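Asker: Got a structure for you, questions after.
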Amino acid sequence: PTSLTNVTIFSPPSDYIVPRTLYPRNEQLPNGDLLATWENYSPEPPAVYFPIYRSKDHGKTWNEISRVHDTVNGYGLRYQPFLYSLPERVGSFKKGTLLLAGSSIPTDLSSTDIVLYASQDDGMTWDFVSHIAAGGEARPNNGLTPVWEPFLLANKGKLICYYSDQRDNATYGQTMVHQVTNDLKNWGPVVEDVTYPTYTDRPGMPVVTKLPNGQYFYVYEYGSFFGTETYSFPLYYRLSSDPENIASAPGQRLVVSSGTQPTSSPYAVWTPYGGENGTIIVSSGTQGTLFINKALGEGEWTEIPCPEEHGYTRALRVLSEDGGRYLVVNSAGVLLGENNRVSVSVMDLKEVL
Ligand SMILES: OC[C@@H]1O[C@@H](OC[C@@H]2O[C@@H](O)[C@H](O)[C@H]2O)[C@H](O)[C@H]1O
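Position in the sequence shown (from 1) plus 25 gives the number in the entry's author numbering.
So, in structure tokens, the structure goes:
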């Protein structure tokens with residue numbers, strides 16, 4: 026791999042509906058290949074789908090290889106995809122099964138349904154596996170009951186899906202929860218992970234990375250007034266050595282040594298590079314810079330430059346090559362953006378950390 030800046034993965038046609046693209050996610054397969062997807066706002070009919078683009082040259086070039094269509098509901102695979110190569114067998118699904126979770130939503134935004142698709146051929150073909158969780162109207166307004174934003178993580182022969190939940194609307198504006206499965210087909214009950222006692226609080230957008238000492242770093246945006254007249258979405262994290270037990274961990278506000286106060290739509294990864302504990306690397310949806318921590322989340326975070334533009338839920342990935350040396354930074358644009366595109370940069374962590 027090499028450093029790359031602002032490589033275009035996909036530039037949408039003008040006749041796509043603003044924002045055209047949004048919500049980048051990616052995966053690196055064990056052979057090193059990179060896959061990228063996003064919310065793809067094509068005119069309907071036919072129903073929207075999640076495109077799957079591949080790079081076999083470490084991000085220099087990209088080609089579409091498949092599309093994940095809404096074969097289960099016919100509504101459209103519309104919001105909040107997530108790619109995940111199983112690192113171990115789960116039930117009848119071998120290590121290396123490639124999963125996509127994402128939300129099936131009709132054009133009228135009347136419902137949400139986080140569904141799970143699987144590919145056994147590295148993303149060439151897909152089959153529906155199960156519904157994870159379904160809810161109400163796909164708008165982020167209090168009183169509504171949607172589900173949103175799946176994040177997948179396997180541990181001990183199980184798959185965990187973390188997501189944002191508005192269904193407990195009598196008590197919370199939004200929470201974050203998870204469900205667990207040992208077979209990809211049958212899901213256990215909803216477990217509340219992050220709840221707050223002020224109704225107008227809206228924690229959201231969970232992303233997890235495992236640290237080398239066995240702790241899990243669970244990052245989220247914490248929407249709140251914090252007792253003022255102004256709402257904000259500062260980044261918070263929780264630390265737990267049990268990835269199914271988040272509720273018992275107190276939230277910790279991410280503090281940056283420069284004074285930047287990062288907000289919205291976090292992403293977190295970990296590399297062995299940078300020191301004896303490696304480095305946690307965090308993005309927000311508002312800042313173009315990155316935030317790093319060489320002490321497992323202790324102390325304050327260091328803001329560093331980044332050549333990739335800022336974007337909503339900008340996605341990070343530490344590539345495996347050279348023991349975690351290169352970082353993918355992948356944007357699909359901004360909310361309601363008039364000129365969104367899907368792009369990627371690669372940074373050399375040997376130099377930038
Ligand atoms: O991904 C498309 C995007 O989702 C909807 O917002 C959901 C909202 O986003 C986070 O801030 C919260 O966790 C969740 O409630 C938008 O309407 C749509 O553009």
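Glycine residues also receive a C-beta, built at the ideal position from the N, C-alpha and C atoms.
Let me check understanding here. Comparing Cα to Cα, which of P214, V219, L209 and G198 lies closest to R227?
Answerer: Of the listed residues, the one whose Cα sits closest to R227 is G198.
Asker: So what's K319 in DSSP terms, helix, strand or just coil?
Answerer: In the structure shown, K319 sits in coil (DSSP, three-state: anything other than H, G, I, E or B).
Asker: Which stretch, first to last residue, makes up the alpha helix (DSSP H) that contains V377?
Answerer: Per DSSP, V377 belongs to the alpha helix (DSSP H) from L374 to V377.
Asker: Taking C-alpha atoms, which residue in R164, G161, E162 and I139 lies nearest to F153?
Answerer: Ranking the options by Cα distance to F153, first place goes to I139.
Asker: Could you check what DSSP says for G284 in three-state terms: helix, strand or coil?
Answerer: Reduced to three states, the DSSP call for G284 is coil.
Asker: Exposed or buried, what is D146 when buried is set at 16 or more other beta-carbons lying within 10 Å of its beta-carbon?
Answerer: When all chains shown are included, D146 counts as exposed.
Asker: In three-state terms, what does DSSP make of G349?
Answerer: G349 falls in the helix class under three-state DSSP.
Asker: Where does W173 sit, in a helix, a strand or coil, going by DSSP?
Answerer: DSSP places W173 in strand when its eight states are reduced to three.
Asker: By DSSP's criteria, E301 is part of a beta bridge. Which residues make up the other side?
Answerer: Note: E301 sits in no beta bridge, so no partner.
Asker: Out of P231, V232 and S266, which one is the CA nearest neighbour of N238?
Answerer: Ranking the options by Cα distance to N238, first place goes to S266.
Asker: Is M230 near ligand 1, judged by its Cβ being under 6 Å from some heavy atom?
Answerer: At least one heavy atom of ligand 1 is nearer than 6 Å to the Cβ of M230, so yes.
Asker: Report yes if the C-beta of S189 is less than 6 Å from at least one heavy atom of ligand 1; otherwise report no.
Answerer: Indeed, a heavy atom of ligand 1 lies less than 6 Å from the Cβ.
Asker: Just to confirm, does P287 get its C-beta within under 6 Å of one of the non-hydrogen atoms of ligand 1?
Answerer: No.
Asker: Is any heavy atom in ligand 1 found nearer than 6 Å to the beta carbon of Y256?
Answerer: For ligand 1, not one heavy atom lies less than 6 Å from the Cβ of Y256.
Asker: What separation, rounded to the nearest whole angstrom, lies between the Cα atoms of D208 and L360?
Answerer: Each residue's Cα considered, the two are about 35 Å apart.
Asker: For a minimum of 4 consecutive residues, which ranges assigned as the alpha helix (DSSP H) are wholly contained in the segment 244-276?
Answerer: Complete alpha helix (DSSP H) runs here, min 4: none at all.
Asker: What does the alpha-carbon distance come out to for the pair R45 and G362?
Answerer: Approximately 8 Å between the Cα atoms of the pair.
Asker: Comparing alpha-carbon positions, which option in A159, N88 and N318 lies nearest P131?
Answerer: Closest by alpha carbon: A159.
Asker: Apart from the five residues on each side of it in sequence, which residues of its chain come closer than 7 Å, Cβ to Cβ, to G84?
Answerer: Cβ within range, chain order: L29, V32, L59, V353, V369 and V371.
Asker: Does the distance between the C-beta of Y104 and the nearest non-hydrogen atom of ligand 1 fall short of 6 Å?
Answerer: Correct: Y104 has its Cβ closer than 6 Å to ligand 1.
Asker: Going by other Cβ atoms of all chains shown within 10 Å of its Cβ, with 16 needed for buried, is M149 buried or exposed?
Answerer: Exposed, by the Cβ-count rule.
Asker: With burial defined as no fewer than 16 other Cβ atoms inside 10 Å of the residue's Cβ, what is the status of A320: buried or exposed?
Answerer: It counts as exposed.
Asker: In angstroms with no decimal places, state the Cα-to-Cα distance between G248 and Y224.
Answerer: One C-alpha to the other measures close to 11 Å.
Asker: Please state whether DSSP places residue 385 in a helix, a strand or coil.
Answerer: This structure leaves residue 385 out entirely; the chain is present only between 26 and 378.
Asker: Under 6 Å from any heavy atom of ligand 1, does the C-beta of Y262 make it?
Answerer: No.
Asker: I need the straight-line Cα distance from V73 to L279, nearest angstrom please.
Answerer: Cα to Cα, the separation comes out at about 36 Å.
Asker: Does any heavy atom of ligand 1 sit closer than 6 Å to the C-beta of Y48?
Answerer: Checking the Cβ of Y48 against ligand 1 gives yes.
Asker: CA-CA distance, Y221 and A272?
Answerer: Each residue's Cα considered, the two are about 10 Å apart.
Asker: Can we count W173 as close to ligand 3, meaning its CB is less than 6 Å from some heavy atom?
Answerer: As for ligand 3, it is missing from this structure, which binds only ligand 1.
Asker: Return yes when at least one heavy atom of ligand 1 lies under 6 Å from the C-beta of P131, else no.
Answerer: No.
Asker: Just the Cα atoms here: how many angstroms apart are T122 and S110?
Answerer: Computed Cα separation, rounded: 6 Å.
Asker: Rounded to the nearest angstrom, what separates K120 and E52 at their Cα positions?
Answerer: Distance between the alpha carbons of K120 and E52 is about 14 Å.
Asker: Can you determine whether any heavy atom of ligand 1 sits closer than 6 Å to the C-beta of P165, and answer yes or no?
Answerer: Checking the Cβ of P165 against ligand 1 gives yes.
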